[PDB]
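Labels for the chains are A, B, C, D, E and F, by order of writing; each one numbers its residues from 1.
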Amino acid sequence: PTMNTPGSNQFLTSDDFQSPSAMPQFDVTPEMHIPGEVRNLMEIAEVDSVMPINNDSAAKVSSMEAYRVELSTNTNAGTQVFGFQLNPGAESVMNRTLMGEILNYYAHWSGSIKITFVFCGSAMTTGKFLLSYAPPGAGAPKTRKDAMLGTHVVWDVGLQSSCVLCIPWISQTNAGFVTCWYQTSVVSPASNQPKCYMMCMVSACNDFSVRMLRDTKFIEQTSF
Amino acid sequence: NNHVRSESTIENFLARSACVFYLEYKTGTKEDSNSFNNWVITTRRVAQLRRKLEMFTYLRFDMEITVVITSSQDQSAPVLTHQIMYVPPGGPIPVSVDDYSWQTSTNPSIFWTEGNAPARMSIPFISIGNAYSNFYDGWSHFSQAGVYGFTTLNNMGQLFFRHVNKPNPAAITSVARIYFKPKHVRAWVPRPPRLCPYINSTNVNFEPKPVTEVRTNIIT
Amino acid sequence: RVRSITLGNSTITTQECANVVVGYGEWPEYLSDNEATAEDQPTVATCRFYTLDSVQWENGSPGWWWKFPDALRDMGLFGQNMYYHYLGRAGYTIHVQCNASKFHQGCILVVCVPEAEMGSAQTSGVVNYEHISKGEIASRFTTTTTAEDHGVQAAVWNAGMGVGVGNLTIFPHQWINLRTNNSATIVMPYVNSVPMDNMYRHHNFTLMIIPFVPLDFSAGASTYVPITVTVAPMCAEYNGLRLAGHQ
Amino acid sequence: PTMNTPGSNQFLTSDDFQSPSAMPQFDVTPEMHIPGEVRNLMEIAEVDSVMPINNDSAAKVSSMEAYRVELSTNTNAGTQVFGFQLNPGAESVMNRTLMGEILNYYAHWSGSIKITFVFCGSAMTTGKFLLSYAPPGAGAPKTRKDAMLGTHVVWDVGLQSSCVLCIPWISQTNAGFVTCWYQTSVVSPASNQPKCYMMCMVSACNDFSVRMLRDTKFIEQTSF
Amino acid sequence: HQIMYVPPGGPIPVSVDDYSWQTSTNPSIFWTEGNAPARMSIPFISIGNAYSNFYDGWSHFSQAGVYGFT
Amino acid sequence: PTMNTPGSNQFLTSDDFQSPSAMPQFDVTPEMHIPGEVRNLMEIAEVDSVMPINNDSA
């Protein structure tokens, strides 16, 4: 038994020991209570954030067109509007969102997430959409008929102004798909521009876990 | 004897220190070809070690890495400081002596000076799997057309080494030799011992060999 | 004295006594772990015999092997669930049995090797999918070393893994020795590092049958004995595919 | 009393102390139960394995003739078939077997082992063999008469299809002998090739002990 | 400096560079100058239950071996 | 109070401390009882011995 065993002299980063204090006199400022306190990083991963869906080439430079997707009376039923890989941390549609940005500080994570659709059109507009989900390891539906036979939620706009799908079994290609499809064309009151929009928001749901810290890829070095 | 044995426990059949690598690097500018050096952590380099970890199909353990390092000058200064940096898998890596990958805050690093007991630190079990796999029988891709065996399984970090002092007249060359041992082993599912000499360090490829030595005749 | 097991929609008659060898002494189970609140998974009508095509055994035949679960990839409803699910797990019950007179002789070894990793015919190539699988058709070993463009380095007496062939009895195994037995049963549970993984991408174990003492027959009698294998999944599960949401 | 006593600075291989940890944050992957677990190396030393008996020069290159020994009607009673030194770890007939290979990682071992004979001929073949054992420090029997007066088990093939001899007192020339002898010639049903075979298997029996680790002799250096 | 203990019946080096210094079953001490001298204990090693300081036999099983301290 | 007091670095023969072990695995051979045991050197100092008295030159 000795205190000079191999590896007792060395400085190892990320190894915790006590250290002497520069001032062992002054150290005194009483703490006060301050509203809002964060003690875990899953307290800001379960907060909603508006995800950009629309990506063109300048509908995301000026990005107030980035968060909303056009709808029209012109379009016929059974044509999809948007869709995405569903894989946060590697798909740029939700990896620069508030929730998604936390998962670029870790490698390997799991849990479930929940997406939210909000229709922001007029209060006299009514339509029906068929939301759809494909399990991982199966391609996106190619027809509204295909989509329907999968898992689907018929969301009536004109009753509900939002819908929440809670999608289990995400973790990191293979991965599910979310697709929205017209079931009917939108019914205008008398509007002469048939522009109606919907937004989408995303947040982590309930239990979630991360392991093993690593540095983010979105900032590159010093420059000053 | 007089009681049950305990020299044939799994924990004492493994967990012995062994040399696994050594490498060289030397003081010099970032222009100079060799002035930092690296080693990728693997246990398939050394034949003797490899034999005893292919006794089992699944293992999980923490490991201790101790590096013992010597240096010598060459023909015609202050004590040298060496940095050993562990990079967890999926981190950034340096491509030269000077990078922001030695200044990164998420890669553990040990500064150590000569004339001290050799540096070491343990690395805890790292893998999203619940055990390391010593045999695998799949492909990297989701359709078979990937790389056969040892894909994203059995992937661990890697070390890097450099001097921390500025270059100064008269080159100094260091040789660092790496010792490795696992600890807290647990084994699941045994295998029959390997019979044919290892060829590749990433495949189970082998050349056919006789089962046993000849005898002069089977009768006594 | 026999009884006939039936798993519904299929029936097979078996010898009354023949023993079962439970691999590692644990039966197939459904996992009972919690924290499946964020990854719920349903359990099933696949639990029936599937009988693969019989193979000849003749004097001087060197052996055979199949790889699961990719040997049942064309079979019924079980093949559909490798294609509508991204993850799965499942144990197996395997009956290997054969005919024979009392004038035949020889014995064979039946073994299931978890994570059998094959070599490559040349010692710097890499084996491809088509040479390491053959679907529900048996692959085979060969005596006498020979090259192949990809190929497995089959040799019998290295077993395609560079280990002694006499030491393969460390894995779950049964001898079928004519003059006593003519059947064997191995029940093999799910063994893998992770609890579930993609059926197509990975192989769990490789059934193998290796003759030691070769077939031979007394005056008259058939010149071949047929072998048949029958495999039935047990206690299978697959990942969910239902929203946890609502309107 | 001091902490700088001789031999307190040094790195001694195979000496155990604690060590700081590179990551004292991440370390977390929950263990799961996995079927089959090995916690001692005598749990794979008591497993049967087929030992090669027949060694010629190419009956062990192609080694499916290595594990079986011919019998014939031609041979007369009182001629031995096979036999061996009985000394695992130095006799190549059982030192490359599963059991035998474990004892090349140790020096000095003891216990008992048990051999097993299995007749694999036809179901109408009947003969009688006289198995024999010679104590250590006594030569092999030279006649079936000699063998008989030693320790012997008359094994009737046509009742029993196997026999197990459990041989005590092995440890490491001097060492016992196992020899098999015809007592009668085999009785064929009508077979026109009188080839009948028997195999042999071996495993450690009950208590066994090893001490003092050392490296195996069957692999030589790196080469890559 | 490296000091390597080889337990009896191990491999031994025949030159400065061998795989007998890289072997994993031979204890070894790496030590640097300016430190308190290296030491380690070796525990009782022998298959016998005591060392013998006098012996009166031969190596071989018939007397014709080497007499004493075999 | 410190652990680097004078004479804490040095090797002094006939000074007892613990030491690490070369093999902390193998160490096992059970002791057996052996007839006759000496535990003190006055157990062989109280044994008779024939003393030579006669001293000439041959």
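As a working rule, contacts are C-beta pairs under 8 Å (C-beta built on N, C-alpha and C of every residue); 3 or more make two chains touch, one makes a residue touch a chain.
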Furthest chain, CA centroid comparison against chain F: A
Pair exhibiting more inter-chain C-beta contacts, E-F or B-E: E-F
Maximum centroid distance from chain E, chain identifier (CA atoms): A
Nearest-to-centre chain - CA centroid comparison: B
Centroid distance [mean C-alpha coordinates] between chain C and chain B, Å: 36
Distance from chain F to chain D - Cα centre to Cα centre, in angstrom: 44
Intercentroid distance (Cα basis), chain E paired with chain C, Å: 50
Set of chain F residues in contact with two or more other chains: 3, 9-11, 19-23, 25-26, 28-30
Set of chain B residues in contact with two or more other chains: 1, 5, 7, 12, 16-17, 46, 48, 58, 66, 68, 88, 108, 117-118, 120-121, 126, 128-131, 142, 189-190, 192-195, 199-200, 211
Chain C, residues touching no fewer than two other chains: 24, 157, 164-167, 170, 191, 193, 198
Parts of chain D lying in touch with chain A, wherever the complex brings them together: 3-5, 7-12, 15, 17, 19-26, 28-29
In the complex, chain C residues that touch chain D: 23-24, 26, 33, 62, 102-107, 143-144, 156-157, 164-167, 169-170, 177-180, 189-191, 193, 195, 211-214, 216-219
Contact footprint of chain A on chain C as seen in their complex: 35, 37-41, 83-87, 198, 239-247
Residues on chain D engaged by chain C in the complex (per definition of touch): 32, 34-36, 44, 47-52, 62-64, 66-68, 96-98, 101, 118, 120-125, 161, 188-193, 195-197, 199
Residue numbers on chain E that touch chain B, as the complex places them: 21-25, 28, 30, 32-35
